[PDB]
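Structure data (PDB, N, CA and C atoms) from input-v1.pdb:
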MODEL        1
ATOM      1  N   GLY U   1      66.988 154.255-133.660
ATOM      2  CA  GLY U   1      67.689 153.258-132.804
ATOM      3  C   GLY U   1      66.800 152.709-131.706
ATOM      4  N   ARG U   2      66.117 151.608-131.996
ATOM      5  CA  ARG U   2      65.226 150.983-131.025
ATOM      6  C   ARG U   2      65.549 149.499-130.869
ATOM      7  N   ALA U   3      65.743 148.820-131.992
ATOM      8  CA  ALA U   3      66.058 147.397-131.980
ATOM      9  C   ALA U   3      66.550 146.933-133.347
ATOM     10  N   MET U   4      65.871 147.380-134.398
ATOM     11  CA  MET U   4      66.240 147.010-135.761
ATOM     12  C   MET U   4      66.935 148.167-136.469
ATOM     13  N   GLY U   5      67.124 148.025-137.778
ATOM     14  CA  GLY U   5      67.777 149.066-138.550
ATOM     15  C   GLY U   5      66.902 150.294-138.730
ATOM     16  N   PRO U   6      67.509 151.471-138.955
ATOM     17  CA  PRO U   6      66.765 152.722-139.144
ATOM     18  C   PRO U   6      65.733 152.621-140.263
ATOM     19  N   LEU U   7      65.166 153.763-140.638
ATOM     20  CA  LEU U   7      64.163 153.811-141.697
ATOM     21  C   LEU U   7      64.386 155.022-142.598
ATOM     22  N   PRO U   8      64.666 154.802-143.894
ATOM     23  CA  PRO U   8      64.880 155.897-144.841
ATOM     24  C   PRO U   8      63.734 156.902-144.794
ATOM     25  N   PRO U   9      63.867 158.040-145.490
ATOM     26  CA  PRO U   9      62.829 159.076-145.508
ATOM     27  C   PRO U   9      61.564 158.610-146.225
ATOM     28  N   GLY U  10      60.937 157.578-145.676
ATOM     29  CA  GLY U  10      59.719 157.038-146.250
ATOM     30  C   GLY U  10      58.899 156.307-145.210
ATOM     31  N   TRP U  11      59.460 155.223-144.684
ATOM     32  CA  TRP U  11      58.792 154.442-143.654
ATOM     33  C   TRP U  11      58.916 155.152-142.315
ATOM     34  N   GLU U  12      57.864 155.849-141.919
ATOM     35  CA  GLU U  12      57.873 156.589-140.663
ATOM     36  C   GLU U  12      56.826 156.053-139.690
ATOM     37  N   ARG U  13      57.272 155.245-138.732
ATOM     38  CA  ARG U  13      56.371 154.675-137.735
ATOM     39  C   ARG U  13      56.846 155.007-136.325
ATOM     40  N   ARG U  14      56.105 155.875-135.642
ATOM     41  CA  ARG U  14      56.459 156.275-134.283
ATOM     42  C   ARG U  14      55.214 156.586-133.458
ATOM     43  N   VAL U  15      55.425 157.156-132.276
ATOM     44  CA  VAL U  15      54.324 157.510-131.388
ATOM     45  C   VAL U  15      53.809 158.912-131.692
ATOM     46  N   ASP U  16      52.496 159.091-131.591
ATOM     47  CA  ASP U  16      51.883 160.389-131.855
ATOM     48  C   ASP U  16      51.692 161.168-130.559
ATOM     49  N   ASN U  17      52.602 162.102-130.296
ATOM     50  CA  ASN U  17      52.538 162.923-129.089
ATOM     51  C   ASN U  17      52.784 162.080-127.842
ATOM     52  N   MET U  18      51.839 161.201-127.529
ATOM     53  CA  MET U  18      51.956 160.336-126.359
ATOM     54  C   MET U  18      50.780 159.365-126.279
ATOM     55  N   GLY U  19      50.455 158.743-127.409
ATOM     56  CA  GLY U  19      49.352 157.800-127.444
ATOM     57  C   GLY U  19      49.745 156.469-128.059
ATOM     58  N   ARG U  20      49.234 156.199-129.255
ATOM     59  CA  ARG U  20      49.534 154.954-129.952
ATOM     60  C   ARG U  20      50.615 155.167-131.007
ATOM     61  N   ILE U  21      51.086 154.071-131.592
ATOM     62  CA  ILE U  21      52.120 154.132-132.616
ATOM     63  C   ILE U  21      51.574 153.682-133.965
ATOM     64  N   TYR U  22      51.777 154.503-134.990
ATOM     65  CA  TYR U  22      51.307 154.170-136.327
ATOM     66  C   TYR U  22      52.444 154.243-137.336
ATOM     67  N   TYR U  23      52.218 153.668-138.506
ATOM     68  CA  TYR U  23      53.219 153.659-139.561
ATOM     69  C   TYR U  23      52.816 154.621-140.671
ATOM     70  N   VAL U  24      53.222 155.874-140.508
ATOM     71  CA  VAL U  24      52.911 156.921-141.471
ATOM     72  C   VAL U  24      53.996 157.038-142.533
ATOM     73  N   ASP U  25      53.579 157.310-143.766
ATOM     74  CA  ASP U  25      54.511 157.448-144.877
ATOM     75  C   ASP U  25      54.954 158.900-145.033
ATOM     76  N   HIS U  26      55.950 159.124-145.883
ATOM     77  CA  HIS U  26      56.467 160.467-146.115
ATOM     78  C   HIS U  26      56.192 160.927-147.546
ATOM     79  N   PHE U  27      56.103 159.974-148.467
ATOM     80  CA  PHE U  27      55.849 160.289-149.868
ATOM     81  C   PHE U  27      54.350 160.389-150.146
ATOM     82  N   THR U  28      53.559 159.631-149.394
ATOM     83  CA  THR U  28      52.111 159.637-149.563
ATOM     84  C   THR U  28      51.435 160.479-148.486
ATOM     85  N   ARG U  29      52.092 160.597-147.331
ATOM     86  CA  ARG U  29      51.571 161.372-146.199
ATOM     87  C   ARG U  29      50.534 160.581-145.401
ATOM     88  N   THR U  30      49.903 159.596-146.036
ATOM     89  CA  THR U  30      48.905 158.775-145.362
ATOM     90  C   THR U  30      49.576 157.878-144.331
ATOM     91  N   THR U  31      48.775 157.249-143.479
ATOM     92  CA  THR U  31      49.317 156.369-142.457
ATOM     93  C   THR U  31      48.684 154.996-142.496
ATOM     94  N   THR U  32      49.373 154.054-141.882
ATOM     95  CA  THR U  32      48.893 152.698-141.783
ATOM     96  C   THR U  32      49.171 152.170-140.384
ATOM     97  N   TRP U  33      48.120 151.738-139.725
ATOM     98  CA  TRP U  33      48.208 151.236-138.372
ATOM     99  C   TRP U  33      46.838 150.749-137.912
ATOM    100  N   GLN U  34      45.805 151.397-138.445
ATOM    101  CA  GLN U  34      44.425 151.075-138.109
ATOM    102  C   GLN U  34      43.891 149.958-139.000
ATOM    103  N   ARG U  35      42.908 149.222-138.491
ATOM    104  CA  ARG U  35      42.308 148.124-139.238
ATOM    105  C   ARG U  35      40.807 148.341-139.412
ATOM    106  N   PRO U  36      40.204 147.708-140.433
ATOM    107  CA  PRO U  36      38.768 147.839-140.704
ATOM    108  C   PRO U  36      37.916 147.171-139.631
ATOM    109  N   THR U  37      36.638 147.534-139.587
ATOM    110  CA  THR U  37      35.715 146.970-138.609
ATOM    111  C   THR U  37      34.315 146.830-139.198
ATOM    112  N   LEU U  38      33.843 147.891-139.845
ATOM    113  CA  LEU U  38      32.517 147.886-140.454
ATOM    114  C   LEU U  38      32.495 147.004-141.697
ATOM    115  N   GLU U  39      32.361 145.698-141.489
ATOM    116  CA  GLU U  39      32.324 144.747-142.594
ATOM    117  C   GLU U  39      30.905 144.243-142.831
TER
ENDMDL
END
Before anything else, please render the file you have as structure tokens.
Amino acid sequence: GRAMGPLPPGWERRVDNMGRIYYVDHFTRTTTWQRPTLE
């Protein structure tokens, strides 16, 4: 409950302890929030 609808047991995007917020998955365990740089 923040602004939009909840998120089923898959799309997990929240704050890590007390830093930044990332979109971590539950079925893959991997996360998405960071972007590439070394191009």
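The space between atom CA of residue U:25 and atom C of residue U:6 spans 13.1 Å.
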Original post:
What is the atom CA of residue U:19 to atom CA of residue U:38 distance in Å?
Top reply: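 We find that atom CA of residue U:19 and atom CA of residue U:38 lie 23.5 Å from each other.
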Return as a PyMOL selection string the set of residues that the PyMOL selection byres ((chain U and resi 10) around 5) yields on the displayed structure.
chain U and resi 8-9+11-12+25-26
Writing out the chosen residues with N, CA and C atoms as an mmCIF file, in the frame of the given file:
data_model
loop_
_atom_site.group_PDB
_atom_site.id
_atom_site.type_symbol
_atom_site.label_atom_id
_atom_site.label_comp_id
_atom_site.auth_asym_id
_atom_site.auth_seq_id
_atom_site.Cartn_x
_atom_site.Cartn_y
_atom_site.Cartn_z
ATOM 1 N N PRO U 8 64.666 154.802 -143.894
ATOM 2 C CA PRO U 8 64.880 155.897 -144.841
ATOM 3 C C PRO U 8 63.734 156.902 -144.794
ATOM 4 N N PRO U 9 63.867 158.040 -145.490
ATOM 5 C CA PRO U 9 62.829 159.076 -145.508
ATOM 6 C C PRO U 9 61.564 158.610 -146.225
ATOM 7 N N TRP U 11 59.460 155.223 -144.684
ATOM 8 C CA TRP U 11 58.792 154.442 -143.654
ATOM 9 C C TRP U 11 58.916 155.152 -142.315
ATOM 10 N N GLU U 12 57.864 155.849 -141.919
ATOM 11 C CA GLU U 12 57.873 156.589 -140.663
ATOM 12 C C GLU U 12 56.826 156.053 -139.690
ATOM 13 N N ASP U 25 53.579 157.310 -143.766
ATOM 14 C CA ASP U 25 54.511 157.448 -144.877
ATOM 15 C C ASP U 25 54.954 158.900 -145.033
ATOM 16 N N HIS U 26 55.950 159.124 -145.883
ATOM 17 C CA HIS U 26 56.467 160.467 -146.115
ATOM 18 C C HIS U 26 56.192 160.927 -147.546
#
| Sel. of strand (DSSP E) residues, chain U, as a list in words | residues 12, 13, 14, 15, 21, 22, 23, 24, 31 and 32 of chain U
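Here atom C of residue U:35 and atom CA of residue U:3 stand 26.3 Å from one another.
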List the neighbours of residue U:34 out to 8 Å using all atoms listed in the file; skip same-chain residues closer than 6 positions along the sequence, and give me the result as a VMD selection string.
chain U and resid 21 to 23
Report the centre and edge lengths, in Å to one decimal, of an axis-aligned box enclosing every atom of stretch 25-35 of chain U listed in the file, padded by 4 Å on each side, as lines of an AutoDock Vina configuration file.
center_x = 48.6
center_y = 154.7
center_z = -144.0
size_x = 23.7
size_y = 21.2
size_z = 20.2
